[PDB]
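When the sequence shown is numbered by PDB author numbering, its final residue is 125 and no position is left out of the sequence of numbers.
Note sheet for the following structure.
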Amino acid sequence: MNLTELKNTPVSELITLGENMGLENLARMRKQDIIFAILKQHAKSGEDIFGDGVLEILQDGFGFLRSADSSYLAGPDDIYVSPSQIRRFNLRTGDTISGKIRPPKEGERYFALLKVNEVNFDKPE
């Protein structure tokens, strides 16, 4: 299961998928909140979850992967990328990244990149 796929899924279908995995009251939430709930539930089940986006490294040194159609506009489903991941793979703003992500923990706000699988559609090598 991956974030962009879910983002491209009709809400009624997301509701069904979520219900089938033990979630409730989905209809009343914003689509993005429904998606968060589903990915979190799936990950809690020990299943891998993926995400992708265009990287933008900010001032502090960390970055976020944003949807390509976002033209770099910040959003709640932005995927956090750590300074260590950027250094590990010499990541650059404008780079397209895809990989495993993890749901935010208690107090956490964003989904975070867990493993960089591809950089500019190629092996991180």
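No residue lacks a Cβ here, since even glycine has one placed at the ideal position from N, Cα and C.
Between which two residues does the beta strand (DSSP E) harbouring residue i extend?
i, result
"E19", "No beta strand (DSSP E) holds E19; the alpha helix (DSSP H) holding it covers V11 to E19."
If you run the structure through DSSP and keep just helix, strand and coil, what is residue i?
i, result
"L114", "strand"
"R102", "strand"
"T93", "coil"
"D122", "strand"
"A74", "coil"
Determine the direct distance from the alpha carbon of residue j to that of residue i, and round the result to whole angstroms.
i, j, result
"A27", "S12", "8 Å"
"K44", "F36", "12 Å"
"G61", "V54", "16 Å"
"residue 168", "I15", "The requested residue 168 is not part of the displayed model; the chain covers only 1 to 125."
"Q59", "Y80", "14 Å"
"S70", "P76", "12 Å"
"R88", "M1", "25 Å"
"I97", "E125", "13 Å"
"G22", "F111", "21 Å"
"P103", "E5", "16 Å"
"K123", "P83", "19 Å"
"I34", "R92", "31 Å"
"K7", "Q32", "8 Å"
Could you give the first and the last residue of the continuous alpha helix (DSSP H) run that contains residue i?
i, result
"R87", "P83 to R88"
"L23", "Where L23 is concerned, there is no enclosing alpha helix (DSSP H), given that its DSSP letter is neither H nor E."
"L6", "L3 to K7"
Per DSSP, which residues does residue i bridge with? Please list them.
i, result
"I79", "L65 and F111"
(request) Can you check the segment 45-71 for any beta strand (DSSP E) of at least 3 residues that lies completely inside it and give the ranges in chain order? (result) 49-57 and 63-66
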